[PDB]
Amino acid sequence: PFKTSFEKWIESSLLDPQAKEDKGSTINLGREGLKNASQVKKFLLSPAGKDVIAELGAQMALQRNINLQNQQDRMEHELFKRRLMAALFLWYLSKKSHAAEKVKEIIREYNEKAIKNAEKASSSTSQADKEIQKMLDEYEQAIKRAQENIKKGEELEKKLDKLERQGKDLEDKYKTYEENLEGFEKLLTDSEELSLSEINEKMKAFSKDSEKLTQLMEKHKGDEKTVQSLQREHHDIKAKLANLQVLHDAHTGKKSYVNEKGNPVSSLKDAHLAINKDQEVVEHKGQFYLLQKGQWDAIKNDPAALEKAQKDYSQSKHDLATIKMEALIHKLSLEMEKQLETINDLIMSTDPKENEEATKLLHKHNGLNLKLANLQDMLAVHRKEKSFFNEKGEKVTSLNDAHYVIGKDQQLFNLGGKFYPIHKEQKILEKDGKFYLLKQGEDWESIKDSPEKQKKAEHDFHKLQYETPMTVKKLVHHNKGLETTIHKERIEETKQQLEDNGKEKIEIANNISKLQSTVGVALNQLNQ
């Protein structure tokens with residue numbers, strides 16, 4: 001996992017199984033009982049208001065401390081600890097070439113002073129205790145500043161590593177999304193088409209749904225509004241089954257794909273109509289007619305039959321486009337369900353390695369969801385259920401010129417210079433800073449005495465934000481802009497704080513450097 005600079009320094013320089021003592025660049029604090037990097041770190045972050053005698057594992061600490069039998073031993077030991085802490089911080093902060101031997105000298109000096117203490121014990125010490133106390137008090141502010149700096153430093157570095165990973169995941173998220181925003185025409189050329197087996201599988205599933213709805217209509221018998229809604233869904237399925245049946249028929253030869261001219265084509269992608277064997281297409285003076293095979297002479301002088309054959313041709317072309325779009329929807333839905341089963345498995349795994357695989361699969365899956373949503377929009381506009389509008393709210397013909405897509409009974413209401421997707425029957429009222437979605441004809445006078453109507457109207461207005469009627473491509477583009485802008489602000493702040501943190505090290509190291517030289521001299525004079 002992620003290591004901070006401070007942690008990397010501890011492992012590389014302070015806990016080195018290789019030594020030298022001679023002019024080295026590393027030390028091994030395992031020789032002072034410090035076992036691991038976390039323990040070394042804890043030692044370096046020792047609190048100010050208590051002696052440092054609990055920096056080792058508890059058993060080892062008590063083992064070592066039994067030797068600190070008096071005031072002198074305790075005072076000299078604490079001076080050793082603070083002096084050692086200071087040298088190591090100076091090492092990390094300033095990275096001077098001879099920092100390792102500085103540390104070795106401090107350890108060496110303490111040890112032999114402890115030896116000389118014992119030799120003489122084989123007499124007055126109170127003033128030396130007080131002199132050491134002044135040095136500890138002088139170490140207090142200097143070390144604490146270094147500790148605070150390193151703690152802020154580590155926090156910032158971990159924050160930046162987190163942000164950096166998010167930024168990379170952010171870029172890949174939108175790169176995946178954008179690969180899913182092609183138009184209908186292009187989705188076709190790279191459509192791996194819905195196979196006969198998949199067509200049979202969809203027709204079978206829709207048949208099960210239909211029977212379930214039929215049974216439900218029997219349960220809810222008499223409840224007309226429930227039944228009417230159920231009939232609506234059953235009718236919708238019946239139309240989709242009819243569309244799949246055309247594809248089925250074209251595969252079996254019961255129907256045939258033809259181009260604009262009525263000439264046979266092999267692929268659905270080249271088809272403009274799917275016709276029966278008793279039908280044919282005639283082009284006449286630039287106009288196209290779909291008629292009963294062989295009946296041209298019987299209709300060519302009959303304007304009514306000519307109009308009907310022309311209507312039938314246009315309807316047939318229109319229906320096949322509807323069939324193609326639903327077929328792509330079915331195929332993409334199949335692929336999505338397949339992807340989701342893989343994802344759901346991984347996200348629920350008790351193994352985090354599998355949990356992390358799901359991340360990139362989610363982007364692909366969500367991207368697929370967006371391709372599907374776009375296609376549903378294209379199909380709705382195709383079937384005249386919805387229309388496209390540009391940025392100024394003008395109705396446009398092409399998805400490429402569109403910014404919005406809304407239902408035929410919807411409008412783009414212009415309020416604050418902002419467009420709201422509401423019913424043609426509705427409007428928005430502004431009163432005292434508040435906003436109410438109401439019917440036309442309604443006004444403040446009609447709701448001013450009704451808290452529940454005001455609450456509901458205001459509630460209905462704020463729910464509109466979840467119904468952003470932009471095209472999928474516009475949705476992705478604007479969301480990319482927001483997430484990217486906000487992400488960069490966070491990166492900029494963290495990086496800047498990190499810069500501040502680095503710059504503060506200089507005065508902190510200087511304050512320590514001055515102390516170390518002073519203490520070393522004052523230690524020499526208390527002696528050996």
# chains A, B, ... in the order shown; residues from 1 in each chain; ligands from 1
>>> residues_around(residues="residue A:257", least_positions_apart="5", cutoff="8 Å", atoms="only C-alpha atoms", output="PyMOL selection string")
chain A and resi 250+264-268+271-275
>>> select_by_dssp(residues="stretch 266-486 of chain A", states="strand (DSSP E or B)", output="PyMOL selection string")
chain A and resi 273-276+279-284+287-292+386-389+395-396+404-407+410-414+419-423+426-431+434-439+470
>>> residues_around(residues="residue A:491", least_positions_apart="3", cutoff="9 Å", atoms="only C-alpha atoms", output="ChimeraX atom specification")
/A:160,163-164,167,486-488,494-496
>>> write_last_selection(atoms="C-alpha atoms", output="PDB file, in the first residue's frame")
ATOM      1  CA  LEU A 160      -2.881  13.636  -2.499  1.00  0.00           C
ATOM      2  CA  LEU A 163      -6.952  12.419  -5.061  1.00  0.00           C
ATOM      3  CA  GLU A 164      -4.503  11.193  -7.717  1.00  0.00           C
ATOM      4  CA  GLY A 167      -8.384  11.697 -10.937  1.00  0.00           C
ATOM      5  CA  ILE A 486     -14.163  20.288  -8.703  1.00  0.00           C
ATOM      6  CA  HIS A 487     -11.502  17.573  -8.731  1.00  0.00           C
ATOM      7  CA  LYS A 488      -8.821  20.025  -9.876  1.00  0.00           C
ATOM      8  CA  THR A 494      -3.760  19.793  -1.371  1.00  0.00           C
ATOM      9  CA  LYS A 495      -0.644  20.332  -3.505  1.00  0.00           C
ATOM     10  CA  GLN A 496      -0.422  23.928  -2.262  1.00  0.00           C
TER      11      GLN A 496
END
>>> atom_distance(atom1="atom CA of residue A:503", atom2="atom CA of residue A:489")
21.3 Å
>>> closest_residue(among="A:278, A:171, A:507, A:326", to="residue A:484", atoms="only C-alpha atoms")
A:171
>>> closest_residue(among="A:201, A:327, A:151, A:31", to="residue A:19", atoms="only C-alpha atoms")
A:31
>>> atom_distance(atom1="atom CA of residue A:228", atom2="atom CA of residue A:202")
24.7 Å
>>> closest_atom_pairs(of="stretch 153-236 of chain A", to="stretch 348-369 of chain A", cutoff="6 Å", atoms="only C-alpha atoms", output="Markdown table")
| residue | atom | partner | partner_atom | distance |
| --- | --- | --- | --- | --- |
| A:173 | CA | A:363 | CA | 5.6 |
| A:177 | CA | A:367 | CA | 4.6 |
| A:180 | CA | A:367 | CA | 5.9 |
>>> write_last_selection(atoms="C-alpha atoms", output="mmCIF file, in the first residue's frame")
data_model
loop_
_atom_site.group_PDB
_atom_site.id
_atom_site.type_symbol
_atom_site.label_atom_id
_atom_site.label_comp_id
_atom_site.auth_asym_id
_atom_site.auth_seq_id
_atom_site.Cartn_x
_atom_site.Cartn_y
_atom_site.Cartn_z
ATOM 1 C CA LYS A 173 -14.888 6.997 -16.340
ATOM 2 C CA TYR A 177 -18.790 7.081 -21.326
ATOM 3 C CA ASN A 180 -20.867 5.054 -25.982
#
>>> closest_atom_pairs(of="stretch 10-119 of chain A", to="stretch 136-145 of chain A", cutoff="9 Å", atoms="only C-alpha atoms", output="Markdown table")
| residue | atom | partner | partner_atom | distance |
| --- | --- | --- | --- | --- |
| A:45 | CA | A:144 | CA | 8.5 |
| A:47 | CA | A:144 | CA | 8.2 |
| A:48 | CA | A:140 | CA | 6.5 |
| A:49 | CA | A:140 | CA | 9.0 |
| A:78 | CA | A:136 | CA | 7.9 |
| A:79 | CA | A:136 | CA | 6.4 |
| A:82 | CA | A:139 | CA | 7.0 |
| A:83 | CA | A:139 | CA | 8.1 |
| A:85 | CA | A:143 | CA | 7.7 |
| A:86 | CA | A:143 | CA | 6.3 |
| A:89 | CA | A:143 | CA | 8.0 |
>>> residues_around(residues="residue A:226", least_positions_apart="4", cutoff="8 Å", atoms="only C-alpha atoms", output="PyMOL selection string")
chain A and resi 217+220+230
>>> write_last_selection(atoms="N, CA, C and O atoms", output="compact mmCIF listing (two decimals), in the first residue's frame")
# COMPACT_ATOMS: atom_id res chain seq x y z
N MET A 217 -54.62 -9.14 -14.11
CA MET A 217 -55.86 -8.46 -14.48
C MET A 217 -57.06 -9.17 -13.86
O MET A 217 -58.09 -8.56 -13.59
N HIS A 220 -56.96 -8.21 -9.91
CA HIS A 220 -57.41 -6.84 -9.68
C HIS A 220 -58.73 -6.50 -10.37
O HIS A 220 -59.05 -5.34 -10.60
N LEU A 230 -52.59 -2.25 -16.43
CA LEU A 230 -52.11 -3.58 -16.80
C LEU A 230 -52.34 -3.90 -18.28
O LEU A 230 -51.49 -4.52 -18.93
>>> closest_residue(among="A:12, A:147, A:72, A:5", to="residue A:113", atoms="only C-alpha atoms")
A:72
>>> residues_around(residues="residue A:53", least_positions_apart="3", cutoff="12 Å", atoms="only C-alpha atoms", output="PyMOL selection string")
chain A and resi 33+43+46-47+50+56-68+73-75+77-82
>>> residues_around(residues="residue A:505", least_positions_apart="5", cutoff="9 Å", atoms="only C-alpha atoms", output="list in words")
residues 93, 94, 146, 149, 150 and 510 of chain A
>>> write_last_selection(atoms="C-alpha atoms", output="PDB file, in the first residue's frame")
ATOM      1  CA  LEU A  93      14.167  17.437   7.571  1.00  0.00           C
ATOM      2  CA  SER A  94      17.617  18.512   6.321  1.00  0.00           C
ATOM      3  CA  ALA A 146       8.839  19.016  13.932  1.00  0.00           C
ATOM      4  CA  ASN A 149       5.057  19.295  10.597  1.00  0.00           C
ATOM      5  CA  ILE A 150       5.540  15.589   9.889  1.00  0.00           C
ATOM      6  CA  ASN A 510      17.318  25.323  11.886  1.00  0.00           C
TER       7      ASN A 510
END
>>> residues_around(residues="residue A:105", least_positions_apart="5", cutoff="12 Å", atoms="only C-alpha atoms", output="ChimeraX atom specification")
/A:21-23,27,80,83-84,87,98-100,110-112,516,520
>>> write_last_selection(atoms="C-alpha atoms", output="short mmCIF file (atom, residue, chain, number, x, y, z; two decimals), in the first residue's frame")
data_model
loop_
_atom_site.label_atom_id
_atom_site.label_comp_id
_atom_site.auth_asym_id
_atom_site.auth_seq_id
_atom_site.Cartn_x
_atom_site.Cartn_y
_atom_site.Cartn_z
CA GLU A 21 29.14 2.56 12.21
CA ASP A 22 32.17 3.66 10.17
CA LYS A 23 31.09 6.70 8.11
CA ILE A 27 21.56 3.12 11.05
CA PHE A 80 19.27 11.12 25.56
CA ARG A 83 18.51 14.47 21.82
CA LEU A 84 18.06 11.30 19.77
CA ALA A 87 18.90 14.27 15.56
CA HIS A 98 26.68 13.13 8.20
CA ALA A 99 23.37 12.73 10.06
CA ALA A 100 23.86 9.00 10.66
CA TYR A 110 24.86 8.17 26.54
CA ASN A 111 26.00 4.57 26.99
CA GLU A 112 29.48 5.34 28.29
CA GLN A 516 21.90 20.09 19.10
CA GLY A 520 26.28 18.68 22.91
#
>>> atom_distance(atom1="atom CA of residue A:388", atom2="atom CA of residue A:240")
24.1 Å
>>> closest_residue(among="A:231, A:252, A:454, A:333", to="residue A:194", atoms="only C-alpha atoms")
A:333
>>> closest_residue(among="A:168, A:3, A:254, A:285", to="residue A:155", atoms="only C-alpha atoms")
A:3
>>> decode(residues="stretch 406-431 of chain A", atoms="N, CA, C and O atoms", output="short mmCIF file (atom, residue, chain, number, x, y, z; two decimals), in the first residue's frame")
data_model
loop_
_atom_site.label_atom_id
_atom_site.label_comp_id
_atom_site.auth_asym_id
_atom_site.auth_seq_id
_atom_site.Cartn_x
_atom_site.Cartn_y
_atom_site.Cartn_z
N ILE A 406 -37.72 16.08 -24.99
CA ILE A 406 -38.85 16.04 -24.08
C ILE A 406 -40.10 15.51 -24.76
O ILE A 406 -40.21 15.57 -25.99
N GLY A 407 -41.05 15.03 -23.96
CA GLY A 407 -42.31 14.52 -24.46
C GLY A 407 -43.13 15.53 -25.25
O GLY A 407 -43.00 16.74 -25.07
N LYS A 408 -43.99 15.00 -26.11
CA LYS A 408 -44.83 15.81 -26.98
C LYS A 408 -45.79 16.71 -26.21
O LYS A 408 -46.23 17.74 -26.72
N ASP A 409 -46.14 16.31 -24.99
CA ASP A 409 -47.05 17.10 -24.15
C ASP A 409 -46.28 17.92 -23.12
O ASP A 409 -46.88 18.56 -22.24
N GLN A 410 -44.96 17.90 -23.23
CA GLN A 410 -44.11 18.72 -22.37
C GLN A 410 -43.74 20.03 -23.05
O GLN A 410 -43.94 20.20 -24.25
N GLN A 411 -43.21 20.97 -22.27
CA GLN A 411 -42.70 22.21 -22.81
C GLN A 411 -41.39 22.54 -22.13
O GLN A 411 -41.10 22.01 -21.05
N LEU A 412 -40.60 23.40 -22.74
CA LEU A 412 -39.42 23.93 -22.07
C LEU A 412 -39.76 25.31 -21.50
O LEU A 412 -39.67 26.32 -22.19
N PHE A 413 -40.17 25.34 -20.23
CA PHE A 413 -40.61 26.58 -19.60
C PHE A 413 -39.40 27.45 -19.22
O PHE A 413 -38.48 26.99 -18.54
N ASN A 414 -39.42 28.69 -19.68
CA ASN A 414 -38.33 29.62 -19.40
C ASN A 414 -38.61 30.42 -18.14
O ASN A 414 -39.47 31.31 -18.13
N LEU A 415 -37.89 30.11 -17.06
CA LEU A 415 -38.09 30.80 -15.80
C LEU A 415 -37.00 31.84 -15.53
O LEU A 415 -37.14 33.00 -15.91
N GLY A 416 -35.91 31.43 -14.89
CA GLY A 416 -34.84 32.36 -14.55
C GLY A 416 -33.85 32.53 -15.68
O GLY A 416 -32.70 32.92 -15.44
N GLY A 417 -34.29 32.27 -16.91
CA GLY A 417 -33.39 32.22 -18.06
C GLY A 417 -32.90 30.79 -18.17
O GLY A 417 -32.00 30.45 -18.95
N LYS A 418 -33.53 29.95 -17.35
CA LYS A 418 -33.28 28.53 -17.30
C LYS A 418 -34.54 27.79 -17.74
O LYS A 418 -35.66 28.21 -17.45
N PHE A 419 -34.33 26.68 -18.44
CA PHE A 419 -35.41 25.86 -18.96
C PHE A 419 -35.82 24.75 -18.00
O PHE A 419 -34.98 24.01 -17.49
N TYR A 420 -37.12 24.64 -17.77
CA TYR A 420 -37.67 23.57 -16.95
C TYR A 420 -38.62 22.69 -17.75
O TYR A 420 -39.52 23.20 -18.42
N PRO A 421 -38.41 21.37 -17.69
CA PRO A 421 -39.28 20.40 -18.36
C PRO A 421 -40.56 20.19 -17.57
O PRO A 421 -40.57 19.51 -16.54
N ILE A 422 -41.65 20.80 -18.04
CA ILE A 422 -42.93 20.66 -17.36
C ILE A 422 -44.03 20.39 -18.40
O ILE A 422 -43.75 20.38 -19.60
N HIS A 423 -45.25 20.17 -17.94
CA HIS A 423 -46.37 19.94 -18.85
C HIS A 423 -46.75 21.22 -19.58
O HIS A 423 -46.55 22.32 -19.06
N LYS A 424 -47.31 21.10 -20.78
CA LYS A 424 -47.84 22.27 -21.48
C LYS A 424 -48.96 22.91 -20.67
O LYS A 424 -49.26 24.10 -20.83
N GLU A 425 -49.58 22.11 -19.81
CA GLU A 425 -50.65 22.56 -18.92
C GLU A 425 -50.12 23.36 -17.73
O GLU A 425 -50.87 24.05 -17.04
N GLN A 426 -48.83 23.24 -17.46
CA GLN A 426 -48.29 23.80 -16.23
C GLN A 426 -47.53 25.10 -16.43
O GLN A 426 -47.29 25.53 -17.56
N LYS A 427 -47.18 25.72 -15.31
CA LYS A 427 -46.28 26.87 -15.31
C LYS A 427 -45.62 26.91 -13.94
O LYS A 427 -45.97 26.13 -13.05
N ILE A 428 -44.66 27.80 -13.77
CA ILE A 428 -44.01 27.97 -12.48
C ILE A 428 -44.30 29.37 -11.97
O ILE A 428 -44.24 30.35 -12.72
N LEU A 429 -44.65 29.45 -10.69
CA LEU A 429 -44.92 30.72 -10.05
C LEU A 429 -43.79 31.03 -9.07
O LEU A 429 -43.34 30.15 -8.33
N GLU A 430 -43.32 32.28 -9.08
CA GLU A 430 -42.39 32.74 -8.05
C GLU A 430 -43.07 33.74 -7.12
O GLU A 430 -43.67 34.72 -7.58
N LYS A 431 -42.98 33.47 -5.83
CA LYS A 431 -43.61 34.29 -4.81
C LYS A 431 -42.72 34.31 -3.57
O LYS A 431 -42.48 33.27 -2.96
#
